[PDB]
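Below is one structure, written out as structure tokens, with a few remarks after it.
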Amino acid sequence: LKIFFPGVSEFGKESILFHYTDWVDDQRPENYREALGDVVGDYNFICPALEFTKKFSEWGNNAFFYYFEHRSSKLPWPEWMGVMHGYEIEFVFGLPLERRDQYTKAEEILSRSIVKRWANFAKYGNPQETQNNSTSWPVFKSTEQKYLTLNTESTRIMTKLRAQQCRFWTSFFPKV
Amino acid sequence: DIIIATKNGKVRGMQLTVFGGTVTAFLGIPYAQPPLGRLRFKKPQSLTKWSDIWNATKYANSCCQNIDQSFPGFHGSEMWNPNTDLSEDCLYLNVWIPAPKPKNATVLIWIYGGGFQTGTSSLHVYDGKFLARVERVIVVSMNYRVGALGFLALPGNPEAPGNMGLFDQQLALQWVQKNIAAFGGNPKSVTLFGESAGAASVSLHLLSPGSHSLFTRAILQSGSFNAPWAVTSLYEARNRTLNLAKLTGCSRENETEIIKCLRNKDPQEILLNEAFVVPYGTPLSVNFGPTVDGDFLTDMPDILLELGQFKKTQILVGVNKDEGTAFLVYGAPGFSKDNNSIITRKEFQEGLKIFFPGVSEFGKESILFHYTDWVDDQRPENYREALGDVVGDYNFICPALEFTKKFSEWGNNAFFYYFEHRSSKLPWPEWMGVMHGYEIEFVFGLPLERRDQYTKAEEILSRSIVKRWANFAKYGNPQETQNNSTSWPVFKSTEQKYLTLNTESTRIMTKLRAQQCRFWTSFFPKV
Amino acid sequence: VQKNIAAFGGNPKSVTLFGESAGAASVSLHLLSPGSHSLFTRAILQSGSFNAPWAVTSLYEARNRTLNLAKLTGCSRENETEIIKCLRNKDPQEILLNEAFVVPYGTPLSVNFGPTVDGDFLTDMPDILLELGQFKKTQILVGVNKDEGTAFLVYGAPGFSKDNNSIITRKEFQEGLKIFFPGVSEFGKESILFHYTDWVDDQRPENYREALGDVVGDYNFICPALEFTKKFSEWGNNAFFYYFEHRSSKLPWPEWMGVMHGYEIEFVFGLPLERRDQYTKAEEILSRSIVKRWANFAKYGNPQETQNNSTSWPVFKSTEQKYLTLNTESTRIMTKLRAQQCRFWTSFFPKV
Ligand SMILES: *[C@@H]1O[C@H](CO[C@H]2O[C@@H](C)[C@@H](O)[C@@H](O)[C@@H]2O)[C@@H](O[C@@H]2O[C@H](CO)[C@@H](O)[C@H](O)[C@H]2NC(C)=O)[C@H](O)[C@H]1NC(C)=O
Ligand SMILES: *[C@@H]1O[C@H](CO[C@H]2O[C@@H](C)[C@@H](O)[C@@H](O)[C@@H]2O)[C@@H](O[C@@H]2O[C@H](CO)[C@@H](O)[C@H](O)[C@H]2NC(C)=O)[C@H](O)[C@H]1NC(C)=O
Ligand SMILES: *[C@@H]1O[C@H](CO[C@H]2O[C@@H](C)[C@@H](O)[C@@H](O)[C@@H]2O)[C@@H](O[C@@H]2O[C@H](CO)[C@@H](O)[C@H](O)[C@H]2NC(C)=O)[C@H](O)[C@H]1NC(C)=O
Ligand SMILES: *[C@@H]1O[C@H](CO[C@H]2O[C@@H](C)[C@@H](O)[C@@H](O)[C@@H]2O)[C@@H](O[C@@H]2O[C@H](CO)[C@@H](O)[C@H](O)[C@H]2NC(C)=O)[C@H](O)[C@H]1NC(C)=O
Ligand SMILES: *[C@@H]1O[C@H](CO[C@H]2O[C@@H](C)[C@@H](O)[C@@H](O)[C@@H]2O)[C@@H](O)[C@H](O)[C@H]1NC(C)=O
Ligand SMILES: *[C@@H]1O[C@H](CO[C@H]2O[C@@H](C)[C@@H](O)[C@@H](O)[C@@H]2O)[C@@H](O)[C@H](O)[C@H]1NC(C)=O
Ligand SMILES: *[C@@H]1O[C@H](CO)[C@@H](O)[C@H](O)[C@H]1NC(C)=O
Ligand SMILES: *[C@@H]1O[C@H](CO)[C@@H](O)[C@H](O)[C@H]1NC(C)=O
Ligand SMILES: *[C@@H]1O[C@H](CO)[C@@H](O)[C@H](O)[C@H]1NC(C)=O
Ligand SMILES: *[C@@H]1O[C@H](CO)[C@@H](O)[C@H](O)[C@H]1NC(C)=O
Ligand SMILES: *[C@@H]1O[C@H](CO)[C@@H](O)[C@H](O)[C@H]1NC(C)=O
Ligand SMILES: *[C@@H]1O[C@H](CO)[C@@H](O)[C@H](O)[C@H]1NC(C)=O
Ligand SMILES: *[P@@](=O)(NCC)OCC
Ligand SMILES: [Cl-]
Ligand SMILES: [Cl-]
Ligand SMILES: [Cl-]
Ligand SMILES: [Cl-]
Ligand SMILES: [Cl-]
Ligand SMILES: [Cl-]
Ligand code: NA
Ligand code: NA
Numbered sequence: 354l355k356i357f358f359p360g361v362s363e364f365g366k367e368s369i370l371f372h373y374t375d376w377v378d379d380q381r382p383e384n385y386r387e388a389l390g391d392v393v394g395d396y397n398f399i400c401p402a403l404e405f406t407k408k409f410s411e412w413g414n415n416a417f418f419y420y421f422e423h424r425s426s427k428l429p430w431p432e433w434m435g436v437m438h439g440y441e442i443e444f445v446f447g448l449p450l451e452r453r454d455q456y457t458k459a460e461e462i463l464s465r466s467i468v469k470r471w472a473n474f475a476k477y478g479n480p481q482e483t484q485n486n487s488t489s490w491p492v493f494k495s496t497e498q499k500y501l502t503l504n505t506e507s508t509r510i511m512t513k514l515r516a517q518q519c520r521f522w523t524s525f526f527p528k529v
Numbered sequence: 003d004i005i006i007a008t009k010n011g012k013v014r015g016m017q018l019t020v021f022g023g024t025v026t027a028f029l030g031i032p033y034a035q036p037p038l039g040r041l042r043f044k045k046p047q048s049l050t051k052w053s054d055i056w057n058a059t060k061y062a063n064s065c066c067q068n069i070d071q072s073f074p075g076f077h078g079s080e081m082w083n084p085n086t087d088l089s090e091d092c093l094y095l096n097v098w099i100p101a102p103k104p105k106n107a108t109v110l111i112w113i114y115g116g117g118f119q120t121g122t123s124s125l126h127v128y129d130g131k132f133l134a135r136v137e138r139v140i141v142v143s144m145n146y147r148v149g150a151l152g153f154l155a156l157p158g159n160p161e162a163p164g165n166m167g168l169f170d171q172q173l174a175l176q177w178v179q180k181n182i183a184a185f186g187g188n189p190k191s192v193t194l195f196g197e198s199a200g201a202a203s204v205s206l207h208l209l210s211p212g213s214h215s216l217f218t219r220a221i222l223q224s225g226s227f228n229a230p231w232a233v234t235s236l237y238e239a240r241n242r243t244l245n246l247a248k249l250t251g252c253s254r255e256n257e258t259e260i261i262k263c264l265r266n267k268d269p270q271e272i273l274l275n276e277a278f279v280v281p282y283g284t285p286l287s288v289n290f291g292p293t294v295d296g297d298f299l300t301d302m303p304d305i306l307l308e309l310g311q312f313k314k315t316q317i318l319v320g321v322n323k324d325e326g327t328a329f330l331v332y333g334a335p336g337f338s339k340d341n342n343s344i345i346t347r348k349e350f351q352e353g354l355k356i357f358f359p360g361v362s363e364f365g366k367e368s369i370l371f372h373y374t375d376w377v378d379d380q381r382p383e384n385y386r387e388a389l390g391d392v393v394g395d396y397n398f399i400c401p402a403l404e405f406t407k408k409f410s411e412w413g414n415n416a417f418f419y420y421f422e423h424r425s426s427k428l429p430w431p432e433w434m435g436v437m438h439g440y441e442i443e444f445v446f447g448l449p450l451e452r453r454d455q456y457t458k459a460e461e462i463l464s465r466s467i468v469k470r471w472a473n474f475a476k477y478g479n480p481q482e483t484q485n486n487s488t489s490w491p492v493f494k495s496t497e498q499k500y501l502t503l504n505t506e507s508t509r510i511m512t513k514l515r516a517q518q519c520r521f522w523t524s525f526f527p528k529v
Numbered sequence: 178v179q180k181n182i183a184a185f186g187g188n189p190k191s192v193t194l195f196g197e198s199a200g201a202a203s204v205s206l207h208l209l210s211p212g213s214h215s216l217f218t219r220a221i222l223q224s225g226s227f228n229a230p231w232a233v234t235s236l237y238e239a240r241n242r243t244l245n246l247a248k249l250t251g252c253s254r255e256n257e258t259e260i261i262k263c264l265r266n267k268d269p270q271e272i273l274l275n276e277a278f279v280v281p282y283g284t285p286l287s288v289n290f291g292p293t294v295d296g297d298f299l300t301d302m303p304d305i306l307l308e309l310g311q312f313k314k315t316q317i318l319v320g321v322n323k324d325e326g327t328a329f330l331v332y333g334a335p336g337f338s339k340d341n342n343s344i345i346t347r348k349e350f351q352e353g354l355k356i357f358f359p360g361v362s363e364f365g366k367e368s369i370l371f372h373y374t375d376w377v378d379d380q381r382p383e384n385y386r387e388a389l390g391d392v393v394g395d396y397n398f399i400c401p402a403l404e405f406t407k408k409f410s411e412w413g414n415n416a417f418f419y420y421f422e423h424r425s426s427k428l429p430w431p432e433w434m435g436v437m438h439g440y441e442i443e444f445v446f447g448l449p450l451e452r453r454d455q456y457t458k459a460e461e462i463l464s465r466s467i468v469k470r471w472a473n474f475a476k477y478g479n480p481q482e483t484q485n486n487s488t489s490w491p492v493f494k495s496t497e498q499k500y501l502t503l504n505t506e507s508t509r510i511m512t513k514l515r516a517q518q519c520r521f522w523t524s525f526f527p528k529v
């Protein structure tokens, strides 16, 4: 935290530790390794994108939010790093559609679907995949805060991604 | 010395140390006249009354029943087998109360599953002392008759009316209405809970006029009467009564004579022939089960449910992630608890033949069509997983979801869970996942016992479930209000919100198995 | 009263409990107690509710304190019915003299022996009863005073005196928290300092003196009464909330202590209606109005003063959170008393 939050008062940093180290439970050895990742990802990318999306949508416009949870089968980085920053991009641009490339079949299908959703968004303002009995992507509103998860098995509609975490980053931390 | 005076006599209980505190257990209190001799196959009769002290210091006889002998030596299956002597003289219940005696405790009454053919209240996974200790509720459980001896039916003939086992449960609920104040319980705050057939039973006490004033609220784990195994049609019931006659050489012409004959058979000759009263059966057969008898159950209960004719109260309903896998090792080709059971398309198809006896060929093609649209045809465990889902969705999950929708459409709060935690101690192999029956130990709080080798995340999960079930029972609302827990939303038609129960993060989701159940619920009943 | 008040001309079917501070907490627990449900009609809670941090003793602390008092009276035993037997031979005075010590640290707000979840009067942690709507369904009237917390500061906070203006320093403030929040981790206490010392601006010398008062009053009385009122009203019942902001003209305590805990009570009971007594005229009129509002609440479930073109008192709901201020000039309808403060006490602090 000292590395990621240069200063950042000591209280500022205790408050992060307090919010992120309430284990269930203190048993798991990878507790702290996972918490530091979540800290960095929640502060720097996830809570801000969620707050931009809420505020933007409050003026009337359709907005669609995704949570991408697929780890590339070819990721060169180790397992503990999971579904890393930057690694949705190859799915968006359709690299997995190239069969010569050693991505799995479930990855071809995932990328094909994302490519269609992004293109429909672009052409028609709506990121649906309308032809293959796909989960329909609901608009994101303040209040319900629905989002779509993107993964090779079942995509799901969920609500209020990182609610508690972002209440911390978004409401409180800007104050320290 | 703890002696309690009941309407029928005194009973002495015993003290138990639980978690550094004390629970008093009264194991094996009688609650009806033993159903022997002339009383075999009849509704349970009133208890007569005793002076001196009945000692309720151990579990009583379990009712007569066939036993699971498929895996001798194996805990996975042997844990469900009866653990007290079998006897027709089995109409007893158990009471567990916290110490010191509570003043007006809410009461939880457990009804066990076992397909209506087996089960007993004295299993270790139904031990109510943790709940009593931890939540200061009173837990009651009862033995009721199963198999032909509990459900034989010759429609409208009082010598074999049907539903005798459900009337055992009811008379036990009556016993609590009359006696639980004496143990410090509140007859006005009674919640029935049950799993599998015990849940189906709970769901029929919701429809039975005779049970309406014997309880307050209801919990249904992995079962409801609209499951395809839970209610026997009058047609099948006669066919099965006569078939059992024939097999015991009791065919007659006067039907009260068939029954008289049957009352001379030895329990063992009845049990031994139960399996055969049906030409084909499956790992999920319920040869003798609830019927519309015009007494306990006044009309086809699908009609009662649709038309809103049941007790208006809150319900809590749930199911497990892999309800269907347990049954596959009992007859589906290529399936074994001792390997990973990768089966083939042709085995899958044979498997359906095992689970759907007939079931037209179109009927079965339609299941294959709905469940074998892979994404994609690559994964070797595709067919093994599909067969599990087929069995679990048809038999437990879609029916519980449809019961919950229909019940809630008449105005009552209903709460639905999806239990997705696999026990760290499960003796069954990994591929079987979160099996039918294996939430029960979490509900009863076994993982709260640290000596027992459950993980820490499992203690915390069970502690939370125990609190949610107790809050449901006491207050009609399964919240855990103190530890920044996810709040459990009521289940409504339209949104269909449910709570997932697991050791990491519990989540609110919507429309469990939407596509699957559209298939089972709307279309399949038609084939 | 249920059995006898008809004989004195009273209606047992129209009974309103009222209480202040611990007496209000008591009223709020008769709302949760099944045994009290049919012994009263409505309830008034002045400066107190059971969810205040001082109002309910945990079973853990209660045993620790019973045994500690045994030990101090030389009544430690092994059979517990013997501890009690022993204790029943002590002289009242030996019990009283040791009460203060059954706890290692205490504060000016200690409640060493208070309500517990006994499985009889109180059947479950009452925070769970409140959250899940398990209480008597009826109207409530709830309120607090502008400076609930100041009274307690002259009983142990450094640099505070009833005999001067008590301008304290940042370092004294911090010591003061140590007095009111025994432990309470260091982070716990930094968080209070952070929330309450964001001045506008760092100029005013009475900054820290005022913050310590607000800290004590907000944690101990105001945010809890506001949270009780929200939660109670969410189950459907009319609830009315006041903010009392009048300082008695006869208050013997110094000016800096403002509108203190306990000092609405004389207005409620109508002492200022006695002209011989040296209260001002605006105080007679204020008390007359409060007496009528409390009596209308009691008789009719509605604390209006209907005859003198008075501000009408709106019910308190979740969402708008309207309250009425009680003062000698103009009473006003306002919303969301201490919103930011109580978000801190109510949502966050219980976590530290
Ligand atoms: C109603 O029951 C009859 C009875 O048949 C059974 O005789 C019993 C004693 C028992 O041993 C049982 O296994 C045996 O089948 C059923 O009739 C049988 O149906 C099967 C399949 O259709 C035929 O192959 C048998 O020939 C036939 N037997 C007789 C005597 O007719 C009947 O199927 C059943 N009703 C249903 C639809 O399940
Ligand atoms: C997983 O085991 C099944 C179950 O049947 C077998 O159990 C094994 C552990 C072994 O002891 C074997 O003797 C026992 O019969 C296997 O299914 C069997 O597959 C074999 C193919 O060689 C057939 O001969 C059997 O008919 C069939 N058993 C039945 C009746 O269901 C299964 O093949 C095995 N699968 C694996 C290892 O992937
Ligand atoms: C539970 O009570 C014990 C008892 O300690 C007390 O003994 C009493 C007779 C009384 O005089 C009281 O002042 C004294 O503290 C508490 O244990 C004490 O805790 C303090 C602070 O942690 C320690 O400094 C003492 O050494 C310790 N004494 C003993 C005998 O162990 C204990 O703190 C209390 N529980 C809590 C958390 O308040
Ligand atoms: C306001 O008074 C406080 C209270 O303590 C003092 O009360 C005074 C009226 C006086 O009689 C004094 O004797 C009495 O102790 C003062 O706090 C005191 O500050 C002095 C600093 O000189 C310290 O010596 C004391 O420790 C401290 N008292 C304690 C124990 O709290 C306070 O300084 C004074 N403030 C003013 C005048 O602004
Ligand atoms: C025990 O409580 C009785 C009623 O309490 C219940 O009210 C019911 C309608 C139901 O909602 C329950 O969940 C409530 O708990 C009361 O009438 C009895 O007098 C009490 N018996 C005692 C304390 O002896
Ligand atoms: C006194 O009034 C009794 C009822 O009046 C009360 O009704 C209650 C439900 C409650 O709302 C109170 O506030 C009402 O004032 C009536 O039944 C008695 O008979 C009366 N007794 C007398 C006049 O002797
Ligand atoms: C639709 O599904 C088919 C397989 O049925 C697949 O070939 C194709 O990739 C899908 N189209 C899109 C846009 O995903
Ligand atoms: C009941 O148990 C007690 C054990 O103390 C015994 O005194 C009494 O004889 C028992 N009654 C029986 C076994 O019939
Ligand atoms: C059948 O036998 C019963 C039993 O004794 C008898 O009561 C009845 O009369 C008989 N039924 C008829 C009339 O066929
Ligand atoms: C609340 O959480 C605490 C840990 O902070 C734990 O000890 C306890 O099990 C929890 N209570 C419930 C009902 O889960
Ligand atoms: C404790 O003493 C009480 C008071 O006489 C007595 O009733 C009881 O038997 C004792 N408790 C035990 C068994 O330790
Ligand atoms: C109404 O106002 C009059 C003065 O016009 C005053 O005498 C009296 O105190 C008031 N009544 C109430 C209930 O305040
Ligand atoms: P349930 O009682 N349903 C089976 C028919 O589960 C145990 C087999
Ligand atoms: Cl852990
Ligand atoms: Cl999340
Ligand atoms: Cl695949
Ligand atoms: Cl699903
Ligand atoms: Cl300033
Ligand atoms: Cl304010
Ligand atoms: Na903070
Ligand atoms: Na079809």
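Residue numbers (the authors' numbering), protein chains in the order written: chain A, 354 to 529; chain A', 3 to 529; chain A'', 178 to 529. A prime marks a further copy of an entry chain. Where a beta carbon is used, it is the ideal one built from N, C-alpha and C, also for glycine.
Grouping DSSP H, G and I as helix and E and B as strand, with all else coil, what is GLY23(A')? Note: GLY23(A') maps to strand in three-state DSSP.
Are the Cβ atoms of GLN223(A'') and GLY196(A'') separated by less than 8 Å? yes
If you measure beta-carbon to beta-carbon, which residues of the stretch 104–136 of chain A' are closer than 8 Å to chain A''? Along the stretch 104–136 of chain A', the positions whose C-beta sits under 8 Å from a C-beta of chain A'' are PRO104, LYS105, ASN106, read in chain order.
For the stretch 366–395 of chain A'', list every residue whose C-beta sits within 7 Å of some C-beta in chain A, in sequence order. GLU367, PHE371
Which residues mark the beginning and the end of the beta strand (DSSP E) in which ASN85(A') is found? Here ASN85(A') belongs to no beta strand (DSSP E), and DSSP marks it neither H nor E.
Alpha carbon of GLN517(A) to alpha carbon of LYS190(A''), nearest angstrom: Rounded to whole angstroms, the gap between the alpha carbons of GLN517(A) and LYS190(A'') is 47 Å.
When you compare each of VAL445(A''), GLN270(A''), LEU448(A'') to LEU249(A'') by their alpha carbons, which one comes out closest? Looking at the Cα atoms, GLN270(A'') is the closest of the given residues.
Over the uninterrupted beta strand (DSSP E) stretch that includes residue 547(A''), give me the two end residues. Past the boundaries of the shown model lies residue 547(A''); chain A'' is included only from 178 to 529, so the question cannot be answered.
Any chance you could list the alpha helix (DSSP H) runs of at least 4 consecutive residues sitting entirely within the stretch 318–375 of chain A'', in chain order? 347–357, 363–373
Lining residues of ligand 16 - beta-carbon closer than 6 Å to any non-hydrogen atom, in sequence order: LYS458(A), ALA459(A), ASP378(A'), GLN380(A'), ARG381(A')
Have a look at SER507(A'') and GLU460(A'') and give me their C-alpha separation to the nearest angstrom. 13 Å
Assigned exposure category for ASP395(A) - 16 Cβ within 10 Å defines buried: buried
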